[PDB]
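For reference, the structure discussed in these notes is given below.
We number each residue from 1, following the sequence as shown.
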Amino acid sequence: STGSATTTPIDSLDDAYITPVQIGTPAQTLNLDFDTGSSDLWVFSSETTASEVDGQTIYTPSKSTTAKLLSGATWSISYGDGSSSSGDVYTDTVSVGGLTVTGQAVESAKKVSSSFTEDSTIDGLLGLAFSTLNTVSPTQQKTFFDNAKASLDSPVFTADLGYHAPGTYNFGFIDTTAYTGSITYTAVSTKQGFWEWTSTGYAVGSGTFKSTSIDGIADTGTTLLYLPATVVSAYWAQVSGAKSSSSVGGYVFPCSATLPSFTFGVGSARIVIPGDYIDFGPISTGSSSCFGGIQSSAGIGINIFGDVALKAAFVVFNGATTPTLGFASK
(Lines give C-alpha, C1' and ligand atoms only; values in the text may rest on other atoms or scores of the structure.)
Protein backbone atom coordinates (compact mmCIF):
# COMPACT_ATOMS: atom_id res chain seq x y z
CA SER A 1 0.00 0.00 0.00
CA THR A 2 0.83 3.69 -0.25
CA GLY A 3 -0.60 7.02 0.85
CA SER A 4 -0.17 10.56 -0.40
CA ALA A 5 -1.50 13.70 1.29
CA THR A 6 -1.05 17.40 0.70
CA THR A 7 0.30 19.45 3.60
CA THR A 8 -0.56 23.16 3.78
CA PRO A 9 1.04 26.04 5.72
CA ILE A 10 -1.19 27.35 8.49
CA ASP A 11 -0.26 30.99 7.83
CA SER A 12 1.79 33.29 5.63
CA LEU A 13 5.00 32.56 7.57
CA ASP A 14 4.91 28.74 7.31
CA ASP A 15 4.75 28.56 11.11
CA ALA A 16 3.51 24.98 10.77
CA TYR A 17 1.84 22.70 8.25
CA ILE A 18 -1.48 20.85 8.48
CA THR A 19 -2.42 17.63 6.72
CA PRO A 20 -5.99 16.25 6.60
CA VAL A 21 -6.46 12.94 8.40
CA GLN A 22 -9.58 10.76 8.39
CA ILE A 23 -10.47 9.27 11.80
CA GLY A 24 -13.31 6.89 12.55
CA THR A 25 -16.39 5.57 10.79
CA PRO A 26 -17.94 7.53 9.19
CA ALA A 27 -14.77 9.54 8.65
CA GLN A 28 -14.15 12.62 10.75
CA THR A 29 -11.53 14.73 9.00
CA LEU A 30 -9.15 16.67 11.25
CA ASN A 31 -6.18 18.78 10.16
CA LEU A 32 -3.15 17.48 12.03
CA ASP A 33 0.42 18.75 12.41
CA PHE A 34 2.66 15.90 11.25
CA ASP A 35 5.58 15.94 13.67
CA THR A 36 8.71 13.86 13.07
CA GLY A 37 9.89 15.09 16.49
CA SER A 38 7.23 13.32 18.57
CA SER A 39 5.37 10.03 18.66
CA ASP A 40 1.79 10.68 19.83
CA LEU A 41 -1.25 11.03 17.58
CA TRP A 42 -3.52 13.27 19.65
CA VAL A 43 -6.62 15.26 18.76
CA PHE A 44 -8.95 17.91 20.04
CA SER A 45 -12.07 15.99 20.95
CA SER A 46 -15.54 16.00 22.48
CA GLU A 47 -13.68 15.38 25.77
CA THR A 48 -11.50 18.50 25.59
CA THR A 49 -12.30 21.08 28.30
CA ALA A 50 -14.72 23.40 26.53
CA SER A 51 -12.93 26.62 27.50
CA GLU A 52 -9.78 25.22 25.84
CA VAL A 53 -11.41 24.72 22.42
CA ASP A 54 -11.50 27.83 20.19
CA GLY A 55 -12.30 26.98 16.58
CA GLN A 56 -10.64 23.58 16.21
CA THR A 57 -12.42 20.63 14.67
CA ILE A 58 -12.97 17.92 17.27
CA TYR A 59 -13.02 14.14 17.11
CA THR A 60 -16.16 12.68 18.72
CA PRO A 61 -15.48 8.99 19.42
CA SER A 62 -19.11 8.33 20.36
CA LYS A 63 -20.06 9.05 16.72
CA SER A 64 -17.55 6.52 15.35
CA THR A 65 -18.74 2.93 15.07
CA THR A 66 -15.12 1.69 15.03
CA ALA A 67 -13.92 3.65 18.08
CA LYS A 68 -13.11 1.64 21.20
CA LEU A 69 -11.89 3.01 24.52
CA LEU A 70 -8.41 1.72 25.31
CA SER A 71 -9.33 0.94 28.88
CA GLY A 72 -7.07 2.46 31.53
CA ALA A 73 -4.76 4.21 29.06
CA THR A 74 -3.78 7.83 29.59
CA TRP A 75 -1.29 10.13 27.93
CA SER A 76 0.50 13.36 28.75
CA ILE A 77 3.07 15.20 26.66
CA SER A 78 5.20 18.34 26.90
CA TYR A 79 6.91 19.81 23.86
CA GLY A 80 10.13 21.75 23.49
CA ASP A 81 8.22 25.03 23.15
CA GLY A 82 6.64 24.57 26.59
CA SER A 83 3.21 23.53 25.30
CA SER A 84 1.43 20.43 26.56
CA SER A 85 -1.67 18.25 26.35
CA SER A 86 -3.09 15.16 28.02
CA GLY A 87 -6.07 12.84 28.06
CA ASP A 88 -7.30 9.30 27.45
CA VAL A 89 -7.06 6.94 24.48
CA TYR A 90 -9.27 5.29 21.89
CA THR A 91 -8.36 2.93 19.10
CA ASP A 92 -9.95 3.70 15.74
CA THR A 93 -9.41 3.57 12.01
CA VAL A 94 -7.12 6.32 10.73
CA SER A 95 -6.44 7.09 7.08
CA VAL A 96 -3.87 9.46 5.57
CA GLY A 97 -4.00 10.14 1.85
CA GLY A 98 -5.63 6.80 1.06
CA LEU A 99 -3.50 4.71 3.45
CA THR A 100 -5.56 3.12 6.23
CA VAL A 101 -4.50 1.77 9.64
CA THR A 102 -7.03 -0.05 11.78
CA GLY A 103 -6.63 -0.08 15.54
CA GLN A 104 -4.55 3.10 15.65
CA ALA A 105 -4.22 4.71 19.06
CA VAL A 106 -6.01 8.06 18.85
CA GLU A 107 -5.16 10.06 21.96
CA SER A 108 -8.14 12.21 22.94
CA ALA A 109 -7.22 15.46 24.66
CA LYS A 110 -8.94 16.29 27.91
CA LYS A 111 -6.62 19.28 28.46
CA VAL A 112 -4.45 21.36 26.14
CA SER A 113 -2.19 24.30 26.92
CA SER A 114 -2.97 27.83 25.78
CA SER A 115 -0.81 27.79 22.65
CA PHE A 116 -2.89 24.92 21.26
CA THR A 117 -6.18 26.62 22.15
CA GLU A 118 -4.98 29.83 20.53
CA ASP A 119 -4.16 28.12 17.23
CA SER A 120 -7.52 27.37 15.65
CA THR A 121 -5.93 25.83 12.54
CA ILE A 122 -4.32 22.79 14.21
CA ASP A 123 -6.71 20.05 15.36
CA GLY A 124 -3.96 17.88 16.86
CA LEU A 125 -0.62 16.25 16.12
CA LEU A 126 0.40 13.09 14.28
CA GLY A 127 3.75 11.94 15.59
CA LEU A 128 6.27 10.35 13.23
CA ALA A 129 9.33 9.91 15.48
CA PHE A 130 10.09 6.48 16.91
CA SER A 131 7.42 4.75 18.98
CA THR A 132 9.77 4.55 21.98
CA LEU A 133 8.81 8.21 22.64
CA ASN A 134 5.05 7.53 22.74
CA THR A 135 3.63 8.72 26.05
CA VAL A 136 0.66 6.36 26.47
CA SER A 137 0.64 4.60 29.85
CA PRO A 138 0.62 1.86 31.01
CA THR A 139 0.86 0.32 27.53
CA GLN A 140 2.95 2.35 25.09
CA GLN A 141 1.38 2.71 21.65
CA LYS A 142 2.76 2.68 18.11
CA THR A 143 2.84 5.59 15.69
CA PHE A 144 0.76 5.64 12.52
CA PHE A 145 3.89 4.93 10.47
CA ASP A 146 4.93 2.03 12.71
CA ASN A 147 1.48 0.47 12.37
CA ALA A 148 1.40 0.98 8.60
CA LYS A 149 5.00 -0.03 7.89
CA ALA A 150 4.49 -3.73 7.21
CA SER A 151 1.74 -3.00 4.69
CA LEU A 152 3.66 -0.32 2.81
CA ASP A 153 5.30 -1.06 -0.52
CA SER A 154 8.55 0.28 0.97
CA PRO A 155 9.04 1.10 4.69
CA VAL A 156 9.47 4.85 4.16
CA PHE A 157 7.70 8.16 4.31
CA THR A 158 8.80 11.38 2.68
CA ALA A 159 8.36 15.05 3.59
CA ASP A 160 8.22 17.62 0.79
CA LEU A 161 7.34 20.86 2.55
CA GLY A 162 6.63 23.99 0.51
CA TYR A 163 7.94 27.51 0.96
CA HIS A 164 4.83 29.67 1.27
CA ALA A 165 3.04 26.91 -0.64
CA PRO A 166 1.53 23.44 -0.13
CA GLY A 167 3.67 20.32 -0.22
CA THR A 168 3.29 16.57 0.24
CA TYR A 169 3.69 13.73 2.71
CA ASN A 170 4.00 10.35 0.98
CA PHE A 171 3.94 6.94 2.66
CA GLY A 172 5.39 3.77 1.18
CA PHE A 173 7.06 5.15 -1.96
CA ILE A 174 9.59 7.70 -3.19
CA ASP A 175 8.23 10.02 -5.91
CA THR A 176 11.21 10.31 -8.23
CA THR A 177 9.58 13.31 -9.95
CA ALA A 178 9.59 15.37 -6.73
CA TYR A 179 13.33 16.12 -6.49
CA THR A 180 16.33 16.98 -8.64
CA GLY A 181 19.60 15.10 -8.78
CA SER A 182 20.09 12.19 -6.42
CA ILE A 183 19.07 11.48 -2.83
CA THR A 184 21.98 11.36 -0.38
CA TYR A 185 21.39 9.00 2.53
CA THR A 186 22.94 9.47 5.95
CA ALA A 187 23.00 7.44 9.16
CA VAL A 188 20.39 7.83 11.91
CA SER A 189 20.68 7.22 15.64
CA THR A 190 17.42 6.18 17.30
CA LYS A 191 18.92 6.30 20.81
CA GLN A 192 16.90 9.41 21.76
CA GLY A 193 13.81 8.33 19.81
CA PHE A 194 14.36 10.98 17.11
CA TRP A 195 15.42 11.01 13.47
CA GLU A 196 18.87 12.06 14.68
CA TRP A 197 21.70 12.48 12.18
CA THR A 198 24.99 14.35 11.69
CA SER A 199 25.35 17.14 9.18
CA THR A 200 28.81 17.48 7.67
CA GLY A 201 29.00 21.28 7.89
CA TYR A 202 27.68 24.58 6.64
CA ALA A 203 28.22 27.67 4.53
CA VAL A 204 26.82 31.21 4.81
CA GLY A 205 25.83 32.80 1.52
CA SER A 206 28.58 32.45 -1.07
CA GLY A 207 31.14 31.75 1.65
CA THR A 208 33.39 28.75 1.85
CA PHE A 209 32.00 25.56 3.29
CA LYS A 210 33.05 24.76 6.86
CA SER A 211 33.48 21.03 7.44
CA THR A 212 32.25 20.27 10.94
CA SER A 213 29.96 17.63 12.40
CA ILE A 214 26.59 18.92 13.59
CA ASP A 215 24.39 16.35 15.31
CA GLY A 216 20.70 17.21 15.18
CA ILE A 217 17.17 15.97 14.53
CA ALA A 218 14.98 16.21 11.43
CA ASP A 219 11.84 17.69 13.01
CA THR A 220 8.89 18.70 10.85
CA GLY A 221 7.10 19.88 14.01
CA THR A 222 9.59 22.66 14.73
CA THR A 223 9.31 25.83 12.65
CA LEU A 224 12.89 27.11 12.70
CA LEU A 225 16.47 25.90 12.31
CA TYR A 226 18.27 25.68 15.69
CA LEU A 227 22.06 25.29 15.49
CA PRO A 228 25.10 25.84 17.71
CA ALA A 229 25.72 29.43 18.78
CA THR A 230 28.99 29.56 16.81
CA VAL A 231 27.22 28.69 13.53
CA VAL A 232 24.31 31.04 14.17
CA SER A 233 26.63 33.94 15.04
CA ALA A 234 28.56 33.37 11.82
CA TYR A 235 25.31 33.53 9.85
CA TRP A 236 23.88 36.69 11.41
CA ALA A 237 27.23 38.49 11.27
CA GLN A 238 26.63 38.68 7.50
CA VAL A 239 23.42 40.71 7.99
CA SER A 240 23.92 44.40 8.74
CA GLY A 241 22.15 45.36 11.94
CA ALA A 242 21.28 41.83 13.03
CA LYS A 243 21.58 41.14 16.74
CA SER A 244 20.50 38.70 19.40
CA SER A 245 17.72 40.21 21.51
CA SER A 246 17.10 38.68 24.93
CA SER A 247 13.83 40.62 25.17
CA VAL A 248 12.52 39.22 21.89
CA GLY A 249 14.01 35.77 22.44
CA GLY A 250 16.50 35.39 19.60
CA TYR A 251 18.17 36.96 16.62
CA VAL A 252 16.33 39.82 14.95
CA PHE A 253 17.34 41.76 11.87
CA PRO A 254 16.22 44.88 10.01
CA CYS A 255 13.22 44.06 7.88
CA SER A 256 14.92 46.09 5.10
CA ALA A 257 17.69 43.47 4.83
CA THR A 258 18.25 40.96 2.06
CA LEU A 259 19.24 37.74 3.80
CA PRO A 260 22.00 35.43 2.62
CA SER A 261 21.41 31.76 1.96
CA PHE A 262 22.51 29.05 4.37
CA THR A 263 23.91 25.73 3.17
CA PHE A 264 24.07 22.54 5.22
CA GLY A 265 25.97 19.37 4.41
CA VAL A 266 24.50 15.90 3.98
CA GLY A 267 27.51 13.69 3.45
CA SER A 268 29.27 15.14 0.43
CA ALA A 269 26.03 16.76 -0.76
CA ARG A 270 24.76 20.24 0.01
CA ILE A 271 21.26 21.61 0.66
CA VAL A 272 20.85 25.35 0.12
CA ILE A 273 18.27 27.26 2.15
CA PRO A 274 17.48 30.50 0.24
CA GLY A 275 17.74 33.68 2.27
CA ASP A 276 14.01 34.40 1.97
CA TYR A 277 13.24 31.16 3.85
CA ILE A 278 15.00 32.66 6.89
CA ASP A 279 12.69 35.71 7.14
CA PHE A 280 9.93 35.26 9.74
CA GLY A 281 8.62 38.79 9.48
CA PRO A 282 8.05 41.60 11.95
CA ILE A 283 8.44 40.72 15.62
CA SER A 284 5.13 42.55 16.21
CA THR A 285 2.65 44.00 13.76
CA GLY A 286 4.13 47.05 12.04
CA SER A 287 7.63 46.64 13.47
CA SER A 288 10.68 47.13 11.29
CA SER A 289 12.52 44.49 13.34
CA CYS A 290 12.13 41.05 11.80
CA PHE A 291 12.56 37.65 13.42
CA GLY A 292 15.26 35.30 12.16
CA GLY A 293 14.65 31.74 11.00
CA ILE A 294 18.05 30.47 12.18
CA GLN A 295 18.40 30.56 15.97
CA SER A 296 20.74 29.21 18.61
CA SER A 297 20.13 25.76 20.07
CA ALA A 298 22.29 26.59 23.11
CA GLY A 299 19.29 26.57 25.45
CA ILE A 300 17.61 23.46 23.98
CA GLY A 301 20.17 20.69 24.42
CA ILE A 302 19.86 19.48 20.82
CA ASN A 303 20.21 20.94 17.35
CA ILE A 304 16.96 20.95 15.37
CA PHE A 305 16.65 20.83 11.58
CA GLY A 306 13.12 22.20 11.57
CA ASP A 307 10.91 23.35 8.73
CA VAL A 308 13.26 26.17 7.64
CA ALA A 309 15.82 23.50 6.72
CA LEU A 310 13.56 20.64 5.70
CA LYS A 311 11.45 22.68 3.27
CA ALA A 312 14.60 23.33 1.20
CA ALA A 313 14.81 19.56 0.53
CA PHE A 314 12.96 16.41 -0.38
CA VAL A 315 13.45 14.32 2.76
CA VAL A 316 13.21 10.53 3.02
CA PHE A 317 12.48 9.02 6.41
CA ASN A 318 13.64 5.44 5.80
CA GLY A 319 12.18 3.14 8.45
CA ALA A 320 14.02 0.02 7.34
CA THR A 321 15.45 -2.27 10.02
CA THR A 322 18.37 0.14 10.20
CA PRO A 323 16.74 3.56 9.69
CA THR A 324 18.40 6.25 7.59
CA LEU A 325 17.55 9.74 6.34
CA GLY A 326 17.77 10.88 2.73
CA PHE A 327 18.01 14.44 1.43
CA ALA A 328 17.70 15.70 -2.14
CA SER A 329 17.50 19.17 -3.61
CA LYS A 330 14.27 20.04 -5.37
Less than 4.5 Å apart, any side-chain heavy atom of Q28 and any of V43?
-> no
Quick one: list whatever passes ring-ring contact (aromatic ring centres under 6.0 Å, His included) with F34, sequence neighbours left out.
-> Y169
Write down the atom of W236, the atom of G292, and the distance for their closest heavy-atom approach.
-> CZ2-CA, 3.4 Å
Verify whether one side chain among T49 and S51 offers a donor that lies under 3.5 Å from an acceptor in the other.
-> no
Could I get the full list of salt bridge (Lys or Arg N to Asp or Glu O under 4.0 Å) partners for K210, not counting sequence neighbours?
-> none
Carefully, step by step, assess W197 and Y185 under the rule ring-ring contact (aromatic ring centres under 6.0 Å, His included).
-> CA-CA 10 Å; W197 65 290; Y185 290 86; over 10 Å; no
Is there a donor-acceptor contact under 3.5 Å from the side chain of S39 to the main chain of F130?
-> yes
Enter the distance from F280:CZ to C290:SG here, rounded to the nearest 0.5 Å.
-> 11.5 Å
Minimum side-chain heavy-atom gap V252-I283 below 4.5 Å | yes
How long is the gap from CD1 on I23 to OG1 on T57, to the nearest 0.5 Å?
-> 10.5 Å
Contacts satisfying side-chain hydrogen bond (donor to acceptor under 3.5 Å, both in side chains) that involve residues 171-184 (not counting sequence neighbours) are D175-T177
Would you say the side-chain atoms of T91 pair up with the backbone N or O of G103, donor to acceptor, closer than 3.5 Å?
-> no
List the steps, then state whether side chain to side chain contact (heavy atoms under 4.5 Å, CB included) holds for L227 with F264.
-> CA-CA 11 Å; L227 292 174; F264 64 94; over 6 Å; no
State whether the side chain of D153 and the backbone N or O of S1 hold a donor-acceptor pair below 3.5 Å, judged by distance alone.
-> yes
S289 side chain to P254 main-chain N or O, any donor-acceptor pair under 3.5 Å?
-> no
Do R270's NZ or CZ and the ring of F209 fall within the cation-pi criteria of under 6.0 Å and 45°?
-> yes
Shortest non-hydrogen contact between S4 and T168, atoms and distance | OG-CG2, 3.8 Å
Report the residues that fulfil side-chain hydrogen bond (donor to acceptor under 3.5 Å, both in side chains) with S78, sequence neighbours left out, ordered by chain and then residue number.
-> none
Start with the C-alpha gap between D54 and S120, add the side-chain angles, then the distance that decides, and say whether side-chain hydrogen bond (donor to acceptor under 3.5 Å, both in side chains) holds.
-> CA-CA 6 Å; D54 185 7; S120 66; over 6 Å; no
Closest non-hydrogen atoms of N134 and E107, given as atom of the first, atom of the second and distance, are ND2-OE2, 3.0 Å
By side-chain contact (heavy atoms from CB on, under 4.5 Å), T6 pairs with (sequence neighbours left out) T8, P166
Mark yes or no for whether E196, through its side chain, and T190, through its backbone, hold a donor-acceptor pair below 3.5 Å.
-> no
Among side-chain atoms of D92 and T66, is any donor-acceptor pair under 3.5 angstrom?
-> yes
Can you name the ring-ring contact (aromatic ring centres under 6.0 Å, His included) partners of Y163, sequence neighbours left out?
-> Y277
Over all atoms of both residues, closest heavy-atom pair of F44 and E52 | CE2-O, 3.6 Å
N147 versus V101, closest heavy-atom pair with distance | CB-CG1, 3.6 Å
Is a side-chain donor-acceptor pair under 3.5 Å present for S108 with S45?
-> yes
Just how far is it from atom CD1 of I271 to atom OG of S329, taken to the nearest 0.5 Å?
-> 4.0 Å
Answer whether the closest heavy-atom distance between the side chains of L41 and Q104 falls below 4.5 Å.
-> yes
Side-chain heavy atoms of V231 within contact of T212, under 4.5 Å = no
Donor on one side chain, acceptor on other, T74 and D88, under 3.5 Å = no
Specify whether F116 and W42 have parallel, tilted or perpendicular ring planes, treating 30° as the upper limit for parallel and 60° as the lower limit for perpendicular.
-> perpendicular
Spatial distance of atom OG1 (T48) from atom CD (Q56) [nearest 0.5 Å] | 8.5 Å
Would you say the side-chain atoms of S247 and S245 include a donor-acceptor pair closer than 3.5 Å?
-> yes
Where do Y90 and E47 land on the side-chain hydrogen bond (donor to acceptor under 3.5 Å, both in side chains) test, with the steps shown first?
-> CA-CA 12 Å; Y90 294 83; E47 302 178 328; 2.6 Å; yes
Could you tell me whether the side chains of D15 and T223 share a donor-acceptor contact shorter than 3.5 Å?
-> no
Only distances under 3.5 Å count here; give the side-chain donor-acceptor pairs of residues 301-321 to other protein atoms, sequence neighbours excluded, each with its distance to 0.1 Å.
from	atom 1	to	atom 2	distance (Å)
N303	OD1	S297	OG	2.6
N303	ND2	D215	O	2.8
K311	NZ	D14	OD2	2.8
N318	OD1	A320	N	3.1
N318	ND2	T324	OG1	2.9

Scanning both residues in full, the closest heavy-atom pair of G72 with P138 reads O-CD, 3.7 Å
Worked check of side chain to side chain contact (heavy atoms under 4.5 Å, CB included) between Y202 and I294 = CA-CA 13 Å; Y202 69 98; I294 295 179; over 6 Å; no
For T200, the side-chain hydrogen bond (donor to acceptor under 3.5 Å, both in side chains) test, sequence neighbours excluded, returns none
From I18 atom CD1 to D33 atom CG, the distance as rounded to the nearest 0.5 Å = 9.0 Å
Transitive ILVMFWY side-chain link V156 to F173, under 4.5 Å = no
side-chain hydrogen bond (donor to acceptor under 3.5 Å, both in side chains) against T230, all qualifying residues, sequence neighbours excluded = none
side-chain contact (heavy atoms from CB on, under 4.5 Å) partners of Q238, counting only residues at least two apart | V204, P260
Sequence-distant partners of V272, side-chain contact (heavy atoms from CB on, under 4.5 Å), two or more places apart = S261, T263
Apply side chain to side chain contact (heavy atoms under 4.5 Å, CB included) to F194 and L133, showing your working.
-> CA-CA 8 Å; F194 299 122; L133 291 179; 3.6 Å; yes
Give me the one residue out of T220, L32, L161, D35 that meets side-chain contact (heavy atoms from CB on, under 4.5 Å) with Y17.
-> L161
State, yes or no, whether a side-chain contact exists between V21 and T29 at a heavy-atom distance under 4.5 Å.
-> no
The reported gap from CG in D219 to OH in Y226 (rounded to nearest 0.5 angstrom) is 10.0 Å
Contacts of type side-chain contact (heavy atoms from CB on, under 4.5 Å), residue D119, not counting sequence neighbours = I10, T121, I122
Side-chain donor or acceptor of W195 paired with backbone N/O of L128 under 3.5 Å = yes
